[PDB]
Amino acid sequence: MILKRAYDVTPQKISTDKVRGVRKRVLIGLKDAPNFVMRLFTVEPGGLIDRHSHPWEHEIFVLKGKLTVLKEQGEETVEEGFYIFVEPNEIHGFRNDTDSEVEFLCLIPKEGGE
């Protein structure tokens, strides 16, 4: 059994053509998990995960801040204490329009990798 403070997992900085101002922690990855993986994302002020889709779902819980969720058309802001279920193949992305860091838990089935 693994018990660990999430913050202590080293975050990975992401800065690409589609993702900027984002850090990813893999809390429960493919080494350990037989079916699905647990990640924790931190979105800096102004950070962006641009619209994309994939053949697997997301299950998300917003831990801190106000997260802007991009939809195929339009967007919706939600707060700490919201959960989000993104169906497979649905277009989605994320932005942080606030002045402080936003954090969310994100789980995907193993085929999504970590």
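Start at 1 and count along the sequence shown; that's the residue number.
A.B. asks: Taking only the other compared entries that model residues on either side of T16, decide whether it is unmodelled in at least a third of them.
C.D. replies: Other entries vs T16: at least a third skip it.
A.B. asks: Please work out which of 10 to 18 and 95 to 103 has the higher mean CA B-factor as recorded in the PDB entry.
C.D. replies: Comparing 10 to 18 with 95 to 103, the higher average CA B-factor belongs to 10 to 18.
A.B. asks: Looking at the deposited entry, does 79 to 87 or 31 to 39 carry the larger mean Cα B-factor?
C.D. replies: Looking at the record's C-alpha B-factors, the answer is 31 to 39.
A.B. asks: Of the three thirds of its chain by CA temperature factor, lowest, middle or highest, which one includes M1?
C.D. replies: Its C-alpha B-factor belongs to the highest third of this chain's values.
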